[PDB]
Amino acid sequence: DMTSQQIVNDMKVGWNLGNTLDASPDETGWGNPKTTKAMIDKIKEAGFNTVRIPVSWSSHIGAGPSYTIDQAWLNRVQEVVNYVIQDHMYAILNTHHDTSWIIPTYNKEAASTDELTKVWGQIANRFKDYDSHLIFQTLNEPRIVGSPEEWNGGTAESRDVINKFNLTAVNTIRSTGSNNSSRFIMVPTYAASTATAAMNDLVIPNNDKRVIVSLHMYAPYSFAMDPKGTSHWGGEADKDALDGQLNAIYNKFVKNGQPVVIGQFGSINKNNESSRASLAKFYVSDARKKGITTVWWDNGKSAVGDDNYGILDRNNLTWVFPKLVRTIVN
């Protein structure tokens, strides 16, 4: 009987198993160890209630027109889903670095739609009997790689085609029955962008009451993502800018009865844990006041500088940034 907003609130706060099943050609390909139950237990013990499990399917899909997903890969994905589910957390299962075959142009739409139907049909069938703690996310950051608008919310054409892709995925999921008839489903804007036009052009498939919007927002960019940007965050201007961004999401979606999960946020290590914790504390608390649940991007990289978003050392089961983790889960 739960509503989408009740689900989002129950999810509380999440952690991404990044650079893992989303790596290629296999789980260890980008330097992370094979995931264990003990790693996921650490997540639960810290107080997270959601794990997002990004999965890149491309390397595991056979030739058209069957597009068969390798059974051993599905079996491994299910092992990882089970770590999370057996710990009584929400699991988000997606498609991830799949832009090679998911291409949002009118010219590529028919072929991508067909493959999405075949691929989501197999994923959904395998996972159909899980309860509502398993959430499907149709697409990660669907976009045209290399286009000028890739990180600016796309174009009218690509935003239109993404709506068709999300609709195809939702219909395919629901068509498989069992608990997929009522499973909660996350769908992104173009690139999961918070750009005004990306959010304005999103159409919820079938106006389905069990669809949640997925957005990614590593704000503020210069502090959080840019290795050349400032290493300090705090104070009234920084709070005002972030509150403004969260309020735009609240005003567009949440206030109108459309729930939102920020399925990726985070900051890189600039030897600046205090600033990173100040940011996370404000981000998570202000998002929650606006009904929005957040999910930290952890790629297993905790050295200093570019792309080091990891906060758990998976190899020795140690939280590297203990003040930061505590601000995320409080």
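Residue indices: 1-based, along the sequence shown.
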Greater mean Cα temperature factor according to the PDB record, 76 to 84 or 221 to 229
221 to 229
On average, are the C-alpha B-factors higher in 318 to 326 or in 13 to 21?
318 to 326
In terms of recorded Cα temperature factor, pick the maximum from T138, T194, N251, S214.
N251
Selection from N166, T189, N247, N94 [criterion: highest C-alpha temperature factor in the record]
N247
Split the chain's modelled residues into thirds by Cα B-factor; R52 lands in the lowest
Would you mind checking where the Cα B-factor of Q71 ranks among the modelled residues of its chain, as the lowest, middle or highest third?
highest
Sorting the chain's modelled residues by C-alpha B-factor, tell me whether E236 ends up in the lowest, middle or highest third.
highest
Taking the entry's C-alpha B-factors for this chain, is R159 in the lowest, middle or highest third?
lowest
Please say which third, lowest, middle or highest, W297 falls into when its CA temperature factor is compared across its chain.
lowest
